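Notes for the one structure printed next.
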4 protein chains.
Amino acid sequence: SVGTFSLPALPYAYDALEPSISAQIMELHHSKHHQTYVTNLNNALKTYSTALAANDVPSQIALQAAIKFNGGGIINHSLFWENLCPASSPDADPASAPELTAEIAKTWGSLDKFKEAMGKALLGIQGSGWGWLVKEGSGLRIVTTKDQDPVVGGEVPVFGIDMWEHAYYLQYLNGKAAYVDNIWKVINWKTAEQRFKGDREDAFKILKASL
Amino acid sequence: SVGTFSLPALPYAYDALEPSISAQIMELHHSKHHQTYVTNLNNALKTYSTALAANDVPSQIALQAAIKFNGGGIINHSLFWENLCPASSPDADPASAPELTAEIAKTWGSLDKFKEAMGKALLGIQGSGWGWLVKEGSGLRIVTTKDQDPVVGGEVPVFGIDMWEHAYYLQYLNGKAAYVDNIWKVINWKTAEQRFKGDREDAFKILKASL
Amino acid sequence: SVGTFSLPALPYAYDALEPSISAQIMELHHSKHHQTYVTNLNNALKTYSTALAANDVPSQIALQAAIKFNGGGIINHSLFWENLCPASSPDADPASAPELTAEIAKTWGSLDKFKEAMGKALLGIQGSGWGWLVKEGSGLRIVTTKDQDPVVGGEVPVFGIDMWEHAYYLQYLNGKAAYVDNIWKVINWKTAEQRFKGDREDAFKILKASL
Amino acid sequence: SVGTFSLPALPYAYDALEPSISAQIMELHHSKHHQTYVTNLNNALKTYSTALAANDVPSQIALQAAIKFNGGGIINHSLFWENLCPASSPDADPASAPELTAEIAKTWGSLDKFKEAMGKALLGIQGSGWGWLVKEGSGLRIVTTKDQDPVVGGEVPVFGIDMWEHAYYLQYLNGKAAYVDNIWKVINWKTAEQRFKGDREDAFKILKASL
Ligand SMILES: [Fe+3]
Ligand SMILES: [Fe+3]
Ligand SMILES: [Fe+3]
Ligand SMILES: [Fe+3]
């Protein structure tokens, strides 16, 4: 039935990504922000179902902002949690992603040059938004999205990094560069490799965990 | 059932607004452009229903552009045809709208100053879009919208003027100023008065004619 | 010469707005965020000077986002600091704004009902942005802007409230409703009255303090 | 000096692209639309120079829409005329672009599949806009822009196709699919090859013809 999303459990404990991301941020980010996207998405979807059945197009259009924002919220965060992992896990080793890192090096020259390019895009975001490594056709691209806009246009998301201030401010204050530098330690390259090899639908299977 | 919109008949013949708007434009604008919005809206709505029932949020967000564009298309054109009428009709006489014209004069000083102000907004639109007289709270405002974006945010639409090039180009070429000057002759002030007296829901009842 | 903006001093100490806004936030918000908008604006403006002299239109257009973002940043924050004051100051008393509060009560019914309307708009902002009371013509309107977009389209800014997460997160966490509730306590109604009685250029004279 | 742009002559007579594009459209498109962008750009730039020298940021931001719209107008149309040519010219033969067509086949599989992809993108534009083949890094990409937004973000424009209704409506009416089918005959693949082989600066040197 429509609008039965729930907050999925994290793949790890709230303090599992320290020192890169504090337990305080993880708990707030998950239990509060992600939770709010779930609740407000469900409310919008139930309202939309009525308007859709009634062929009430004005109400449907007026509901789009709530669905894109909160729906994008659960999409982006579902992907986000899955492509993070504890620094001690083997999945944080980029050796877990031989084909992806091979294509990264082909495209940007090296993994370090890619990290530099990605960092620049993340720090260049004006306001709230996300940075993404995506697969487009066979090639890789760095893209950013504003607010909670998701990567649903056709590309395969490989991994994303949240640049909303609530993702880092309590720990890094205005130092978003330090946040980005440290998040590399907790990137889940096993997840990234799997998405790189799969297609768009494969990548979004994770959303089933929220239903 | 979902997606059963049809093209409503015009309140007048295709040549009824000459010389202000040619019969060629009216026929193309109605039988082709408005028709296409109807057909593509219905298809998008049915596809959305599938995604909504499946809680497929990525597909829903990807469909929003088609629903807003084609849904706004049928909304704006339904309102547009209704607030046009033959120049010889009494409804084109602004005396048909005593309360609205009184509020216009209170707001812009006179009807002539409003029309001049409105023209400036219409001619200032970059690309495709619409100009609207709307009621917000108790006051009147001139607003513009891009492409087929409709006035569904809460304001009451009073009347709109289509500034897409297909609304005038065959007859006026690049002379959109002449188009605007001549469309005043075929504005349906009876409709404008009715919407001014009603609320938001009242104004959109015209959409029932497309179902 | 082009691009000689500097960070203006606050009208009060960093801890002067406590308990509504913490000294930590004020210092970070002013010395870091506002400072960065100043620095990046000056550099963008100088780069623009090069492009204008060269009639390099591609470069000019590519620079617009940096000028709007950082230029809006210094505009919005200059206005922001000026329309805040200590809760103990007489200027925080809305009695300091007889004409404005009369028009507010005229417009929304009462000051409390206006505060309710404003709060809803502020809390409805998706992502980063600002809420503004503005004077348009003779009437008052609540408007929101995204990111650092400023109110430069013609309205007279009366007062603004920053809803970027860096404006409240350290103190209120995700509780933006509590932030809004408490910021009313430090609104400078003397400033608001002055802007309300003046025109657009009058309101932006404050920018001279940054030159 | 600032704001001394002029309308460059076409590389051919107004009727040289028939039957693909009528002489009536070419004359209106060039002598009227492109001319207006030139005039309104010059006026915006002269006003901007004053605001820039005065560090008047509000005025600079308020002028951005006019500079982007009219500046993009002259950029896009300058490139547009240059990448069109008579259907009988050898430059209209894709054999004139061996390196480009080779990369196209690598990217989309074949020239026909690229044309199919481009056509879909062009016909999918909502409202006014442009479709572009661009070079990003070493790869080719199809992108669309709204209104007169130009491709100034870093990519090298290879060729563009105007999808504003004034580019085809007088001749094709609502039949934009027929317009796209026929414009392939007058694409200047010699020009496209040169841009593909050059860098971004190389591509925009054509603007010098407007000074
Ligand atoms: Fe987040
Ligand atoms: Fe239309
Ligand atoms: Fe701020
Ligand atoms: Fe054009």
Side-chain angles (χ1 to χ4, degrees), chain A residues 1-5 41-75 78 145 148-157 199-208 210-211, chain B residues 1-7 32-78 147-150 152 207 210-211, chain D residues 116-117 119-127 144 176-177:
Chain A
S1 66
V2 175
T4 55
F5 286 94
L41 176 63
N42 285 337
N43 290 331
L45 294 177
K46 292 171 182 173
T47 307
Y48 200 101
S49 186
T50 307
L52 183 68
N55 287 305
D56 179 358
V57 177
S59 297
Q60 287 181 60
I61 295 174
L63 285 161
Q64 288 185 339
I67 291 170
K68 183 168 191 178
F69 180 73
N70 294 291
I74 71 162
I75 292 168
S78 287
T145 61
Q148 298 298 351
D149 291 359
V151 181
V152 299
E155 310 99 315
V156 184
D199 65 8
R200 179 174 173 279
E201 290 181 355
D202 294 335
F204 290 124
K205 295 290 186 189
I206 188 61
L207 303 179
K208 300 185 182 185
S210 296
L211 289 165
Chain B
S1 66
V2 175
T4 55
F5 286 92
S6 55
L7 183 69
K32 303 299 189 193
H33 291 277
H34 191 171
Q35 179 66 74
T36 295
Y37 298 139
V38 170
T39 299
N40 291 345
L41 176 63
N42 285 336
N43 289 330
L45 293 175
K46 290 170 181 173
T47 308
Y48 200 101
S49 186
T50 305
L52 183 68
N55 287 305
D56 178 358
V57 179
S59 297
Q60 287 180 60
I61 294 175
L63 286 161
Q64 287 186 339
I67 291 171
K68 183 169 190 179
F69 181 72
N70 294 291
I74 71 162
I75 291 168
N76 296 344
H77 287 86
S78 287
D147 302 334
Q148 298 297 351
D149 291 359
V152 299
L207 304 181
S210 296
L211 288 165
Chain D
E116 178 185 11
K120 184 176 186 184
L122 293 164
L123 303 178
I125 293 170
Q126 298 178 349
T144 65
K176 48 180 179 179

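Protein chains get the first letters and strands the later ones, always in sequence-line order, with residue 1 at the start of each. Just so you know, these numbers use all the heavy atoms, side chains as well, and skip hydrogens, waters and symmetry mates.
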#### Entry: Heavy-atom pair of closest approach, residues B:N76 and B:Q148
ND2-O, 3.1 Å

### Query
At their closest point, which heavy atom of A:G71 faces which heavy atom of B:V57, and how far apart are they?
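So the minimum-distance heavy-atom pair works out to CA-CG1, 3.6 Å.
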
### Message
Given 3.5 Å as the limit, does a donor-acceptor pair link the side chain of A:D199 with the main chain of A:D202, or not?
### Response
yes

### Query
With distance as the sole test, does A:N55 use its side chain to make a donor-acceptor pair with the main-chain N or O of B:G3 at under 3.5 Å?
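Side chain of A:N55 to backbone of B:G3: a pair is present.
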
To the nearest 0.5 angstrom, please state how far the [atom1] atom of [X] sits from the [atom2] atom of [Y].
X	Y	atom1	atom2	value
A:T47	A:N42	OG1	CG	10.5 Å
B:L7	B:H77	CG	NE2	10.5 Å
B:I74	B:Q35	CD1	CD	11.5 Å
A:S49	A:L63	OG	CG	11.0 Å

For [X], side chain to side chain donor-acceptor pair (under 3.5 Å) partners two or more places apart:
X	answer
A:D149	A:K146
A:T145	A:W132
A:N43	none
A:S59	A:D56

### Query
Do A:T4 and A:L211 have side chains that get closer than 4.5 Å, going by heavy atoms?
yes

### Summary
For A:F5, the ring-ring contact (aromatic ring centres under 6.0 Å, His included) test, sequence neighbours excluded, returns none

### Query
Of all residues at least two apart in sequence or in a different chain, which pass the ring-ring contact (aromatic ring centres under 6.0 Å, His included) check with B:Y48?
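Result, ring-ring contact (aromatic ring centres under 6.0 Å, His included) vs B:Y48: A:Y48.
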
Contacts of type side chain to side chain contact (heavy atoms under 4.5 Å, CB included), residue [X], not counting sequence neighbours:
X	value
B:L207	A:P58, B:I75, B:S78, B:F204
B:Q64	A:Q64, A:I67, A:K68, B:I61
B:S6	none
A:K208	A:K205

### Message
Is there a side-chain contact (heavy atoms from CB on, under 4.5 Å) between A:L45 and B:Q60? Walk through the geometry before answering.
### Response
CA-CA 10 Å; A:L45 294 177; B:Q60 287 180 60; 3.3 Å; yes

